Amino acid sequence: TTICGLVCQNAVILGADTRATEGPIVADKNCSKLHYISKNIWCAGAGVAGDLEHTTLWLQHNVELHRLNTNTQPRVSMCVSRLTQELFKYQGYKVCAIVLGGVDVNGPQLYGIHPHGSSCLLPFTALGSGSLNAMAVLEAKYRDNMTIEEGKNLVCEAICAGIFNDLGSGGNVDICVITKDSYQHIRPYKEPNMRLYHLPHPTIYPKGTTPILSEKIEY
Amino acid sequence: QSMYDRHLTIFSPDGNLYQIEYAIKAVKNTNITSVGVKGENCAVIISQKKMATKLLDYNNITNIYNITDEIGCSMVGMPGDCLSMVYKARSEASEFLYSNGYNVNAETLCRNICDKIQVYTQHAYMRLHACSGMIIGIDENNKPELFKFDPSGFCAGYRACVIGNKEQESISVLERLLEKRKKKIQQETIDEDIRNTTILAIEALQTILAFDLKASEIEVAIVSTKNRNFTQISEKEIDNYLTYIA
Amino acid sequence: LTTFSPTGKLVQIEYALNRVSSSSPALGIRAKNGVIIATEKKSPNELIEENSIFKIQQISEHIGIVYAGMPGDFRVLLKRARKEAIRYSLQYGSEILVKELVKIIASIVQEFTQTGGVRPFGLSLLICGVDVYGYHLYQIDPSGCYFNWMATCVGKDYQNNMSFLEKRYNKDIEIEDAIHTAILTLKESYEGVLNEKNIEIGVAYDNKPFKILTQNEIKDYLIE
Amino acid sequence: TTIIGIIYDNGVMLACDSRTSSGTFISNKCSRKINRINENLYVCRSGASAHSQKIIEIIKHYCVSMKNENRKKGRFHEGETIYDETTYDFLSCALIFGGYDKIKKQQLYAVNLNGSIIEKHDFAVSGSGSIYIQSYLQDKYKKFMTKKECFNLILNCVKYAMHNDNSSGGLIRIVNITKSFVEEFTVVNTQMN
Amino acid sequence: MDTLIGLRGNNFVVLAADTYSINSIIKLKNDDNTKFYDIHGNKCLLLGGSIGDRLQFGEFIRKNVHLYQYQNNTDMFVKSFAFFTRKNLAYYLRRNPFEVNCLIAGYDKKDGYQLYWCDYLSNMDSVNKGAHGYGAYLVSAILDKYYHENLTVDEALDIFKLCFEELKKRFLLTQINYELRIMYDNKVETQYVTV
Amino acid sequence: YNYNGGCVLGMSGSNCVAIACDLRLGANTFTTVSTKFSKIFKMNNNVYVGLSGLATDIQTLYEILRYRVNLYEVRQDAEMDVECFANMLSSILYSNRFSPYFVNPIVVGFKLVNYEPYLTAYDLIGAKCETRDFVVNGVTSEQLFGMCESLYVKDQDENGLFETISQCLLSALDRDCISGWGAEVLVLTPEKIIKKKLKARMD
Amino acid sequence: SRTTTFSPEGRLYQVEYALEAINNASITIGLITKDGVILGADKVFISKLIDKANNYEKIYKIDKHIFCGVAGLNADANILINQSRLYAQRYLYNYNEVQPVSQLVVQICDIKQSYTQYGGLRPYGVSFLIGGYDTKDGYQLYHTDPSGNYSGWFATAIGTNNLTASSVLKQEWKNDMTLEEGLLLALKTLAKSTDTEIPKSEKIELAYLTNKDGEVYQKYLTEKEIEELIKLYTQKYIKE
Amino acid sequence: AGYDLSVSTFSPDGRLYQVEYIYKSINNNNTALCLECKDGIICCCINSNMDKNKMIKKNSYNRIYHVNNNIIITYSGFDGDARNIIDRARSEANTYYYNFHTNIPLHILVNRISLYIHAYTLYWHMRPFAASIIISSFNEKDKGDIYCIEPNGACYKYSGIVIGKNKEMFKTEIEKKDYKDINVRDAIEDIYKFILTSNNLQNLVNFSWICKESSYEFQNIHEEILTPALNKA
Amino acid sequence: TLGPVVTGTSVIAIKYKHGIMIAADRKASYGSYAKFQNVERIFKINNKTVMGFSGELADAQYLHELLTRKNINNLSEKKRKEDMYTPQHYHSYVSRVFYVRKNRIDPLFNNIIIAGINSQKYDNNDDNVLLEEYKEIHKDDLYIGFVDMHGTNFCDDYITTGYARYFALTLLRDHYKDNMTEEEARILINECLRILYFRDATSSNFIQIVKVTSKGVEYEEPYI
């Protein structure tokens, strides 16, 4: 669940892995941790995935409502200034490590919110279980004012470093660019090396020892 | 006869709220005018400094109230209703910071004021607030904004508007004063809007009030870019701009 | 406290209907590939900027609304309309249906008639938009009822304004062809012959998000 | 996460590191331990960074809603800090309030865990690394000083408080306060050797 | 604790219970107690648990059903009666404990004789047999050996005589007295027997 | 909790989905009181929910979910698609955040002229685990994930899917002790539904 | 005055005007057959610009087996339907079974009765023919008023011209009525109430329950009633 | 046609009736007075109610109130309704002292008292207040300032103001002498001369001065300075 | 609050013929060390009564502000010199504040000592809130009260709170005399606090001696 975030010369690139878990097993090999706050601002959070649902959808519509009240696009410091008002009252109830940021009237910001309520601006960060592995390769290859392609391979290596060097990670890696024009929901490096292919066994059709067949033909 | 204007939430046979209609006449009866005009990257409010109809300190009586350090506004009408409207605005604009982080926008402030005004209209809780004002202020888009609100719900917004007892004898004058700068010369913007808009603003007030417009009976405020403070222009600069009519 | 009358009709509601019968004319016409709406924007002068005062607002990315009465009430009902477009969008991840939305606003308007010490809403709404069951164009009455119209007007002098639509309307009209039959129902209906970018027109724009047509865009249709 | 507030002869200065460690890991490197309130007073908090951002938010809301209550250009200084104490009627956080005043020349005084009775202070210092320089400050600090004297004094103070502390900051911040409100955020980056 | 043996036939429903009233871990306040909560509409509710909570819930659900049986001239359906008391148990769980165990039994022309089991929590389910308390661990198995289909009503009394006698021999607290609530053909007799 | 076990597994064939659940409602952990407690419900004619967990919430959440659906269902002439229904369960469980609703639901059904599989998982708090492939939740989710991993073809026939889900449940139920006897599988096609109750190990 | 005050005659004022306010509303017909209850309607036409093909506001749906035909204030009708749908569902949530209509009208007439007794609010200018099927006593058809005094029936014709249309059902109605014969029976009283001889078919709407052990409860399309309208031409079950 | 009944009814002319009658209510009550001086702010209060009681104590009926040591408040009108505003004034000082640990300034108290009086005007059930309030103080650095609060808000800064039954009489007597730069010890003798013009030789005029460089705090009437009244000139 | 994070030292109140003598150091220890060494603890509450602390200094502002406010309210109704709040009133009121907190669990750890002159035979009918010879009192017009954090309240002739109860009170219970002179009282406390300098781990110099006489509330600052 390593989620990397950084800022390029004009946009912010996020990225994470699509593999949730329960502690000893794998939940699913594809669960897009990225989100859609609006057109010019995206979100990605770690921690418990249940509390992240009613913190993203709640923020998506509350920003959309505020976007329809005025006429301009929403600003990134308004939404972060609204989660803390709810996260403080749920200091031991709501727990989430959210990373979000997009283009607005100011530069491309990237805030990192803590479960207890702490939040501050950050030019590059990594949140999740294997966040330490993601921030490791990030601090060694982070130049200032890099191009979009210069940040695309960096966040790809930042997640790939958190894929092999961590247990609570895996699956594909999806990223997103949050430029002022539009967004991108690309899924590069979907590990197609294929070390070994499976062999599904389609069982034959004799019967399965069924005593009752209450078939119904409702339209 | 006993017509249908007793309560505030009761419609008339033709369909007119007469308690609101009488409240607008309260503003026209206070005989206090004010002009507001937005030009390029600036906007100004011109007060009148008159008692709402000896030993009164004239520096205290005014019709300009800053809601925040970025959004200023004027007030007219009854002095009791206009004072409480500022407090119902200062406690609202500051509430926007505590509930949304960013500073409140000028257009959102007027619409949030009208929301509370409309609530007192449909319900017979309290009396209407016999007041009006011109909310001024720049936004994040680096553009000036001006908004006028009547005793009823209104978020009109004008590039140049007059509030007060002479709104029926000023549109024919403000249109010409605005035309004296839009379709005229219009060379450039040398950030000398004060010498371009306020001079073409005080001139509009002199065309409305037939007096000599004493500098010690008028105070303006600017919210232009590079300033951003709703600063009340000092007395010496007001008297200096009054001589520019020649 | 808007009680009954011996004739069996609300008197405050009948008085409220007179207010929408003397305001700016609102007009909506559905088509087979979208719905259109129009409003005669009575410009009093050039001081009021057109981008501030509007008669066409949005509820979501697919719902358009039109006002026809008390301008001070053009925002309170909008706030509860957008709030209901969010409360339905929080639970149900999809978009709010127009029939599900109009039945809530009709219930909100209704509660302002039976409650004691309140005043009924002095406006008539025109909710329109793309739905998964085709297109829709509803009209909300200050009494609280709603009609599933096809092409209607609610402003001043609509007894004869609807007469243009009763004789110049077909069941299968495209959205581009319905624009000129709507402009004709505004310019050729009454005064306001100097229709030069003084009419707000919203469209469903053939299942795309709600688009508020700009002044120069309407100018292409205003030449006829 | 040390914080040092030294008074001048005319104004006051504040200093803070930028580390905010989260369980022997730096999650928000180069953050802002100090915070702005107005053109004449700053607030630099430390301790628990959980409820810290809420108290700074409530103070900013209660300052703007109070400065506009008087006029346009007059706040007050002591009035704002005692309001911060009343907000502790818990949230464990030590705060430092300092700034220029319209009545007295300058003013700097701390707010401990629950009681802000440290008025007329002169060398207010708090935080985790504050325990390592409470004696060094008591020796090199005279009564009246200059601008460059206090700037060179707190530079080594934050340096010594960072040379022997696990919560040592990265780039340190130094905020000045005067009558004209110079307030230049002089940021220094050199560390001890 | 106490046993609450219930068995549903095809045209009859029998209920069994202990007629002991255990006060503390030592003395018995009274023999031949009252655990059943007879309802007018051919429904026989039977609770099991602490005497205090076993009483109030038995009366909160009896009058609340007799009220419903009078607000409409009809009688409450047995399928609706079982899911109603389950809702009240789930309602009385987030606030108060209510350590009770119940067996809901009744009869209605729309579905024949029914029987419903429950728990301390709301675990309502239609069954054919089943018991409660600590005695269920020695009687829930004997019922499976003598549960042929189309049981006559007189056969179940011999099953309980083959079941109560086992409780007298292999249970910690040998319950001797027993109460039976037979519900054969719209009649609710009470053939309470000892041993 | 590990009390009153049960499991629910949802499969997604080519154009027909299927669900299965046990039926052994246990009083205590190691007890059996009933073998006729189905854990799948007909929320609609195109929406089938499968609940698993404590019985104090399986029946309660089904009564709440029916009351919320049936109320919403009559406000429109058409039925309720799974898209708007799956998002509802994430709201009911989150509204009951610090509430004891111990359930792990499974929502299957056609997404809609066309017909899509649309399987979805959930947790005790309400994390919408979207999955266009097989899905499972319950107390025996550990012995079902790997079980439905090496025995799952992408697209299968209507009858072929039933044999896959049959061996997927009969192998896992015989490996666990609390999720006992009974397997009311439920294969469903856009025009026909099939309710088969397998003959599992009665131990 | 207000609804709280009485009158020297013993009657009321607000509930009396509401009883007359529904007399100026469109008619609705109720009819119990030997197969299932059926209902009638009258779409008042303000203009020809309504949809007239997808909706109709005179017959609604309460539950999957309970349905009513409203008649009166169309605005105030939507509140009780939004209030009866909750009682028809709160009974299911509390007793896990369908709600009998005899226990529904009592639950809904009390919400009307509660308004004509306190609060100082206006009553509900609405009255409707609510019918359904139940396992306790088969098909039923009740009828509420703005006061709350509900009563069972076999056929009712509230709305406008009640006394004339109700007299049609005094003779032409029979104890044994099939579904097709009942529809033709209710079709004539729906047409002659508006002083016409044949319905325009871009008018009146009908509904029917006819529980086939599942309570199908099908409504009618503008094309399905054409066959019913044609059958009225040949076999005229006239005014009389 | 009788539109001045409730307070929420607006007259068709545009005026707000039912609140203008209160000015006719304070015009029949006893008067109060205050004025600026170069050494302090001397106050005054005449209780012209001698012809009916004549049994009250000499220095009992006092109409000079202070929220703390440096802000005085007087009444003009219904003495019962003014008690409620003083309770809201002292509570406003105490609430401001808890939240800010300092004395409440004048320009923030007057704006909070005027809001309290105006708030009761807006209600349809609560009757409006019937008391005009004079609020004054005297800073050490800055000079004094007198704020006058009448019904229906309207807080106005003055330099000398009289309100009561002779407001159109004493106003002409203050503009004669420039009181802005004289003293307090001489103005007190001049004030007693004005009362004799407009009605007996009685000590029913109780008043105190906030500043005579007497620690710049609200003192009492100081009877010894009041007894040498120039009763003839 | 919870836990005495910022404690205080102990004060000593002794009465004599000219007035009330009180003393306290300026050390405000943060538990294990001397964080603040220049704080005040002897608080002036009236022109005739004062009060001291011990315990948590942070839980004293919630008591100082709730007490100095009552003095201004009483001063605003001073229609006679006898209407001043006597020390008997303040001590009984403070005990009520601690008793209502004792009903809850939060007790606001403090051991407030209230001292003052309980008489009105010495003219002070003029108050100077914001800033010759002595007299002899009959020992019954001098009120010195103690208040524990549990709400225990009484009054005596010599009170000593906090940690000096086991040190100061012992030397002071036998050395105290009646009608002590001014030099006798200060020499008694000076020789008493010396014992509290080598034994108390949380104590220091800067003995802020405050005397309450029949003419005012003075302040002095020795250093031993």
# chains A, B, ... in the order shown; residues from 1 in each chain; ligands from 1
$ residues_around --residues "residue H:60" --least-positions-apart "4" --cutoff "12 Å" --atoms "only C-alpha atoms" --output "PyMOL selection string"
(chain H and resi 47+55-56+64+203-206) or (chain I and resi 79-80)
$ write_last_selection --atoms "N, CA and C atoms" --output "PDB file, in the first residue's frame"
ATOM      1  N   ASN H  47     -33.155  65.054  38.666  1.00  0.00           N
ATOM      2  CA  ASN H  47     -34.326  64.221  38.916  1.00  0.00           C
ATOM      3  C   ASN H  47     -35.482  65.146  39.275  1.00  0.00           C
ATOM      4  N   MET H  55     -40.279  62.346  50.251  1.00  0.00           N
ATOM      5  CA  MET H  55     -39.979  61.477  51.378  1.00  0.00           C
ATOM      6  C   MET H  55     -38.759  60.608  51.148  1.00  0.00           C
ATOM      7  N   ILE H  56     -38.215  60.595  49.936  1.00  0.00           N
ATOM      8  CA  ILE H  56     -37.050  59.792  49.629  1.00  0.00           C
ATOM      9  C   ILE H  56     -35.829  60.398  50.316  1.00  0.00           C
ATOM     10  N   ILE H  64     -26.398  57.219  38.368  1.00  0.00           N
ATOM     11  CA  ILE H  64     -25.060  57.181  37.807  1.00  0.00           C
ATOM     12  C   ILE H  64     -24.531  55.791  38.075  1.00  0.00           C
ATOM     13  N   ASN H 203     -31.280  69.896  46.454  1.00  0.00           N
ATOM     14  CA  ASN H 203     -30.137  69.039  46.153  1.00  0.00           C
ATOM     15  C   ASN H 203     -30.591  67.696  45.590  1.00  0.00           C
ATOM     16  N   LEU H 204     -31.385  67.773  44.532  1.00  0.00           N
ATOM     17  CA  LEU H 204     -31.858  66.579  43.857  1.00  0.00           C
ATOM     18  C   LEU H 204     -31.072  66.300  42.591  1.00  0.00           C
ATOM     19  N   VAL H 205     -29.898  66.906  42.446  1.00  0.00           N
ATOM     20  CA  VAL H 205     -29.068  66.716  41.265  1.00  0.00           C
ATOM     21  C   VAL H 205     -27.770  66.063  41.713  1.00  0.00           C
ATOM     22  N   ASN H 206     -27.716  64.746  41.618  1.00  0.00           N
ATOM     23  CA  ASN H 206     -26.553  63.968  42.011  1.00  0.00           C
ATOM     24  C   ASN H 206     -25.702  63.652  40.794  1.00  0.00           C
TER      25      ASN H 206
ATOM     26  N   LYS I  79     -22.741  51.267  47.324  1.00  0.00           N
ATOM     27  CA  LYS I  79     -23.585  52.380  47.725  1.00  0.00           C
ATOM     28  C   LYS I  79     -23.309  52.810  49.154  1.00  0.00           C
ATOM     29  N   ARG I  80     -22.425  52.098  49.840  1.00  0.00           N
ATOM     30  CA  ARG I  80     -22.053  52.365  51.216  1.00  0.00           C
ATOM     31  C   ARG I  80     -20.746  51.621  51.453  1.00  0.00           C
TER      32      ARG I  80
END
$ interface_residues --of "chain C" --to "chain A" --cutoff "7 Å" --atoms "only C-alpha atoms" --output "PDB file with C-alpha atoms, in the first residue's frame"
ATOM      1  CA  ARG C  82     -27.988  21.138  -4.563  1.00  0.00           C
ATOM      2  CA  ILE C  86     -25.496  15.616  -2.767  1.00  0.00           C
ATOM      3  CA  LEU C  90     -23.435  10.277  -1.127  1.00  0.00           C
TER       4      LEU C  90
END
$ residues_around --residues "residue C:119" --least-positions-apart "3" --cutoff "10 Å" --atoms "only C-alpha atoms" --output "VMD selection string"
(chain B and resid 8 to 11 121 to 124) or (chain C and resid 1 to 2 12 to 13 16 112 to 116 122)
$ closest_atom_pairs --of "chain A" --to "chain F" --cutoff "9 Å" --atoms "only C-alpha atoms" --output "tab-separated table"
residue	atom	partner	partner_atom	distance
A:20	CA	F:129	CA	8.8
A:24	CA	F:142	CA	8.9
A:25	CA	F:142	CA	7.4
A:26	CA	F:145	CA	8.5
A:27	CA	F:129	CA	8.2
A:28	CA	F:131	CA	7.6
A:30	CA	F:131	CA	7.8
A:31	CA	F:130	CA	7.0
A:48	CA	F:127	CA	8.7
A:49	CA	F:127	CA	5.8
A:50	CA	F:127	CA	4.0
A:51	CA	F:125	CA	7.4
A:52	CA	F:127	CA	8.0
A:53	CA	F:127	CA	6.5
A:54	CA	F:94	CA	7.3
A:93	CA	F:98	CA	8.1
A:198	CA	F:150	CA	7.6
A:199	CA	F:150	CA	7.4
A:200	CA	F:151	CA	5.5
A:201	CA	F:151	CA	5.9
A:202	CA	F:151	CA	7.2
A:203	CA	F:164	CA	6.6
A:204	CA	F:163	CA	7.7
A:205	CA	F:163	CA	6.5
A:206	CA	F:163	CA	8.7
A:207	CA	F:163	CA	7.6
A:208	CA	F:166	CA	6.4
A:209	CA	F:199	CA	5.6
A:210	CA	F:198	CA	4.4
A:211	CA	F:198	CA	6.3
A:212	CA	F:197	CA	5.6
A:213	CA	F:196	CA	4.8
A:214	CA	F:195	CA	5.3
A:215	CA	F:194	CA	4.6
A:216	CA	F:193	CA	5.5
A:217	CA	F:192	CA	4.5
A:218	CA	F:192	CA	6.2
A:219	CA	F:191	CA	5.4
$ residues_around --residues "stretch 31-35 of chain E" --least-positions-apart "4" --cutoff "10 Å" --atoms "only C-alpha atoms" --output "ChimeraX atom specification"
/E:4,17-22,45-49,51,54-55,58,177-179,192
$ write_last_selection --atoms "N, CA, C and O atoms" --output "mmCIF file, in the first residue's frame"
data_model
loop_
_atom_site.group_PDB
_atom_site.id
_atom_site.type_symbol
_atom_site.label_atom_id
_atom_site.label_comp_id
_atom_site.auth_asym_id
_atom_site.auth_seq_id
_atom_site.Cartn_x
_atom_site.Cartn_y
_atom_site.Cartn_z
ATOM 1 N N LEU E 4 -35.163 -25.668 28.159
ATOM 2 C CA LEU E 4 -36.355 -25.244 27.427
ATOM 3 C C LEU E 4 -36.411 -26.131 26.195
ATOM 4 O O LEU E 4 -35.954 -25.738 25.127
ATOM 5 N N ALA E 17 -40.240 -27.252 29.812
ATOM 6 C CA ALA E 17 -39.425 -26.336 30.586
ATOM 7 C C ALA E 17 -39.249 -26.863 31.995
ATOM 8 O O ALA E 17 -39.962 -27.763 32.434
ATOM 9 N N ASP E 18 -38.290 -26.278 32.695
ATOM 10 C CA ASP E 18 -38.019 -26.640 34.070
ATOM 11 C C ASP E 18 -38.887 -25.776 34.957
ATOM 12 O O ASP E 18 -38.992 -24.568 34.744
ATOM 13 N N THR E 19 -39.503 -26.375 35.960
ATOM 14 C CA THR E 19 -40.353 -25.591 36.846
ATOM 15 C C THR E 19 -39.612 -25.210 38.112
ATOM 16 O O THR E 19 -40.193 -25.144 39.197
ATOM 17 N N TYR E 20 -38.318 -24.962 37.987
ATOM 18 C CA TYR E 20 -37.473 -24.593 39.107
ATOM 19 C C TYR E 20 -37.257 -23.091 39.063
ATOM 20 O O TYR E 20 -37.275 -22.493 37.985
ATOM 21 N N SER E 21 -37.057 -22.487 40.219
ATOM 22 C CA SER E 21 -36.828 -21.053 40.321
ATOM 23 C C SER E 21 -35.569 -20.883 41.159
ATOM 24 O O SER E 21 -35.628 -20.692 42.372
ATOM 25 N N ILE E 22 -34.428 -20.959 40.494
ATOM 26 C CA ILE E 22 -33.137 -20.844 41.151
ATOM 27 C C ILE E 22 -32.902 -19.393 41.541
ATOM 28 O O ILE E 22 -32.958 -18.500 40.692
ATOM 29 N N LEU E 45 -45.420 -18.303 24.261
ATOM 30 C CA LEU E 45 -44.043 -17.872 24.381
ATOM 31 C C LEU E 45 -43.436 -18.514 25.608
ATOM 32 O O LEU E 45 -44.095 -18.645 26.640
ATOM 33 N N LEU E 46 -42.177 -18.913 25.499
ATOM 34 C CA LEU E 46 -41.479 -19.556 26.601
ATOM 35 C C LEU E 46 -40.089 -18.965 26.720
ATOM 36 O O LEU E 46 -39.276 -19.118 25.810
ATOM 37 N N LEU E 47 -39.816 -18.308 27.840
ATOM 38 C CA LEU E 47 -38.535 -17.675 28.101
ATOM 39 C C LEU E 47 -37.663 -18.497 29.026
ATOM 40 O O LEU E 47 -38.135 -19.360 29.762
ATOM 41 N N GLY E 48 -36.370 -18.200 28.976
ATOM 42 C CA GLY E 48 -35.378 -18.864 29.792
ATOM 43 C C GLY E 48 -34.220 -17.942 30.101
ATOM 44 O O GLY E 48 -33.638 -17.345 29.193
ATOM 45 N N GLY E 49 -33.878 -17.809 31.373
ATOM 46 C CA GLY E 49 -32.788 -16.940 31.768
ATOM 47 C C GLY E 49 -32.980 -16.509 33.207
ATOM 48 O O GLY E 49 -33.693 -17.159 33.965
ATOM 49 N N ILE E 51 -34.466 -14.914 36.210
ATOM 50 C CA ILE E 51 -35.844 -14.691 36.664
ATOM 51 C C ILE E 51 -36.280 -13.236 36.582
ATOM 52 O O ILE E 51 -37.417 -12.938 36.200
ATOM 53 N N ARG E 54 -36.211 -12.484 32.930
ATOM 54 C CA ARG E 54 -37.134 -13.433 32.341
ATOM 55 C C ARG E 54 -38.567 -13.012 32.568
ATOM 56 O O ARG E 54 -39.464 -13.509 31.890
ATOM 57 N N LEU E 55 -38.798 -12.120 33.519
ATOM 58 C CA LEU E 55 -40.147 -11.685 33.819
ATOM 59 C C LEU E 55 -40.564 -10.461 33.026
ATOM 60 O O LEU E 55 -41.615 -10.484 32.380
ATOM 61 N N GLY E 58 -40.979 -11.034 29.411
ATOM 62 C CA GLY E 58 -42.139 -11.851 29.148
ATOM 63 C C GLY E 58 -43.404 -11.049 29.195
ATOM 64 O O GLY E 58 -44.368 -11.380 28.505
ATOM 65 N N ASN E 177 -39.230 -32.077 38.238
ATOM 66 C CA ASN E 177 -40.507 -31.583 37.753
ATOM 67 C C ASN E 177 -40.372 -30.964 36.374
ATOM 68 O O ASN E 177 -39.328 -30.418 36.021
ATOM 69 N N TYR E 178 -41.444 -31.053 35.593
ATOM 70 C CA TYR E 178 -41.455 -30.514 34.243
ATOM 71 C C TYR E 178 -42.852 -30.054 33.879
ATOM 72 O O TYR E 178 -43.847 -30.560 34.396
ATOM 73 N N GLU E 179 -42.915 -29.089 32.970
ATOM 74 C CA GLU E 179 -44.181 -28.545 32.505
ATOM 75 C C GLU E 179 -44.242 -28.668 30.997
ATOM 76 O O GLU E 179 -43.291 -28.302 30.305
ATOM 77 N N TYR E 192 -48.305 -30.984 32.938
ATOM 78 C CA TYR E 192 -47.065 -30.928 33.698
ATOM 79 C C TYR E 192 -46.891 -32.210 34.497
ATOM 80 O O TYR E 192 -47.790 -32.642 35.217
#
$ interface_residues --of "chain H" --to "chain B" --cutoff "7 Å" --atoms "only C-alpha atoms" --output "VMD selection string"
chain H and resid 8 to 12 14 to 15 115 118 122 to 124 152 to 154 156 to 160
$ select_by_dssp --residues "stretch 1-204 of chain A" --states "strand (DSSP E)" --output "ChimeraX atom specification"
/A:3-7,12-17,20-21,26-28,41-47,96-102,111-113,119-121,124-127,173-177
$ write_last_selection --atoms "C-alpha atoms" --output "JSON list (two decimals), in the first residue's frame"
[["chain", "number", "residue", "atom", "x", "y", "z"],
["A", 3, "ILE", "CA", 1.62, 5.63, -2.09],
["A", 4, "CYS", "CA", 4.18, 8.03, -3.51],
["A", 5, "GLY", "CA", 3.63, 11.69, -4.24],
["A", 6, "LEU", "CA", 5.86, 14.40, -5.71],
["A", 7, "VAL", "CA", 5.62, 17.73, -7.54],
["A", 12, "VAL", "CA", 1.79, 16.78, -9.33],
["A", 13, "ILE", "CA", 2.18, 13.06, -9.99],
["A", 14, "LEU", "CA", 0.68, 10.54, -7.60],
["A", 15, "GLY", "CA", 1.05, 6.79, -7.62],
["A", 16, "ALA", "CA", 0.23, 3.67, -5.66],
["A", 17, "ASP", "CA", -0.19, -0.10, -5.89],
["A", 20, "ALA", "CA", -5.33, -4.51, -0.55],
["A", 21, "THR", "CA", -4.93, -7.00, 2.26],
["A", 26, "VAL", "CA", -4.29, -10.79, -0.33],
["A", 27, "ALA", "CA", -7.66, -9.12, -0.67],
["A", 28, "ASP", "CA", -7.56, -8.48, -4.41],
["A", 41, "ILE", "CA", -7.33, 17.70, -7.81],
["A", 42, "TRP", "CA", -6.91, 14.01, -7.02],
["A", 43, "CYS", "CA", -6.52, 12.01, -3.84],
["A", 44, "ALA", "CA", -4.87, 8.83, -2.57],
["A", 45, "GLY", "CA", -4.92, 7.61, 1.01],
["A", 46, "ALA", "CA", -3.51, 4.79, 3.07],
["A", 47, "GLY", "CA", -4.37, 3.19, 6.38],
["A", 96, "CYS", "CA", -6.21, 7.78, 7.69],
["A", 97, "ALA", "CA", -2.96, 8.87, 6.03],
["A", 98, "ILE", "CA", -4.13, 10.84, 2.99],
["A", 99, "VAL", "CA", -1.94, 12.44, 0.32],
["A", 100, "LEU", "CA", -3.59, 14.83, -2.09],
["A", 101, "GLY", "CA", -2.83, 17.83, -4.21],
["A", 102, "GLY", "CA", -3.47, 19.42, -7.57],
["A", 111, "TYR", "CA", -0.51, 18.04, 1.46],
["A", 112, "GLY", "CA", 0.01, 15.06, 3.71],
["A", 113, "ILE", "CA", -2.55, 14.51, 6.43],
["A", 119, "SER", "CA", -1.11, 18.18, 8.08],
["A", 120, "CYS", "CA", 1.50, 20.24, 6.28],
["A", 121, "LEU", "CA", 2.75, 21.06, 2.81],
["A", 124, "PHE", "CA", 7.53, 14.89, -2.00],
["A", 125, "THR", "CA", 6.22, 12.22, 0.33],
["A", 126, "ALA", "CA", 5.28, 8.59, 0.67],
["A", 127, "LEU", "CA", 2.51, 7.15, 2.81],
["A", 173, "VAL", "CA", 1.23, 0.22, -10.30],
["A", 174, "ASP", "CA", -1.02, 3.07, -11.42],
["A", 175, "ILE", "CA", -0.13, 6.75, -11.57],
["A", 176, "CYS", "CA", -1.81, 10.02, -12.44],
["A", 177, "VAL", "CA", -0.78, 13.45, -13.69]]
